[PDB]
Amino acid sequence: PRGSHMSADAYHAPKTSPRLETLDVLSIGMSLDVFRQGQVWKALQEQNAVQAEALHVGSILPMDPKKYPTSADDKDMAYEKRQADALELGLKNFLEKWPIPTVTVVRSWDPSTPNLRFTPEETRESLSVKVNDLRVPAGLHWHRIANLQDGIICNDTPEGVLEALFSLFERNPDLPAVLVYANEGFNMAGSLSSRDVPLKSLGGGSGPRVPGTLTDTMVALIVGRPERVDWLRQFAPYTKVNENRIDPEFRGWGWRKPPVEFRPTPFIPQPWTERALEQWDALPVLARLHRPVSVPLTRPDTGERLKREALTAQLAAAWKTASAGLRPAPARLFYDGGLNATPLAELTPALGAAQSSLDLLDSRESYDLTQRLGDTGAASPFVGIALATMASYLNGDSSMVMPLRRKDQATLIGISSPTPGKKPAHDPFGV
């Protein structure tokens, strides 16, 4: 009835969204060279246990050729297994039978480049099918992938994806979750390359590790606003339970129909079964990802990089803005300047001016992604988010991630625990 308490409750998806200041990290999957999932974070903490100074921790990548692939056929096979494992790790416990809106992230690719190894049509098709196709080797037979419009990202520095996701969630108030699959390694650099670039110069082929080669890195990152499914809890009791009870797919209403007509939305095309909401609710929020802060590092009049002291002040201001809303203040910094970089030359004065208590010389507070993991290329900001999520979830504390590979810009992404001060009983980052 029209003016009733029951008509007050929502039987439709939210029609508006406020400005969003966080997204929830719902799931992480990661492969990084021979490591998987929490093994990367474990290896970093073991570095800190043996070496107190961040400057001397070195790289976790095994150098014993017996412990990593060296033949070209083994490297190709390992790359593909790393891809599948990362998707499996990120999705195995995530809602099935719902089209997951998906962003695919790889490194930069210029389609006008002469003599490409693959045609632009071949490459665009390859990128478009990549994540859905990985469901087969990953064993994700009931999961569903819905490529987002303009969701194929080719960018050496793709950290802008996170701010773009905030806007996407605001523009689409029904959207409850998005998958970002970031995919990096020699195999990508090679498949995007021109025949005028020899593959060996990118570190490909048979042989031991050479310096500068991209680390095989894949990150499955699911972020969302889980409250946005609450309106579906109205309809779930009326949905028919599948004969195979653990199958979440909606296959119609039961005998009793819901009191209000269900109206699908772009991202909620069908009502959700009780099994679906069970899968949704069983996945704990791992962290809050806070709205990124980006700041230019160049002068607008000359276009040159800010001078030493102006750069410190600019970065300090960005840190203050990015860290203000973190409870408590960051316990560690993950940052990445890429290869042949010394980012502490700028970071130490900047965080000092910002009066941060972090000691970036302390290996327990200070993580240079390229130093410790090799060059993770386009996956780097998602590696940072993944490790920050693991650290913050397991420790009930805050982290900061700083993509610093652009010389003209700094980005700062805060990561907080949803229950700070409380560590979880179960570590969910096993393999």
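Each residue number is its position in the shown sequence, starting from 1.
Between 237 to 245 and 349 to 357, it is 237 to 245 that carries the larger average Cα temperature factor according to the deposited entry.
Between 112 to 120 and 166 to 174, it is 112 to 120 that carries the larger average Cα temperature factor according to the deposited entry. Reading the B-factor column for the CA atoms of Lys130, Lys81, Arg263, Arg225 in the entry, the top value corresponds to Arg263. Out of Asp76, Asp85, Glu96, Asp196, the entry records its largest CA B-factor for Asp196. Ranked by C-alpha B-factor against the other modelled residues of its chain, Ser416 falls in the middle third. Per the PDB record, residue ranking by Cα B-factor puts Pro65 in the highest third of the chain. In this PDB entry, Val210 carries a Cα temperature factor that places it within the highest third of its chain's modelled residues. Per the deposited record, the Cα B-factor of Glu46 falls in the highest third when ranked against the other modelled residues of its chain. Ranked by Cα temperature factor within the chain, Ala341 sits in the highest third according to the deposited record.
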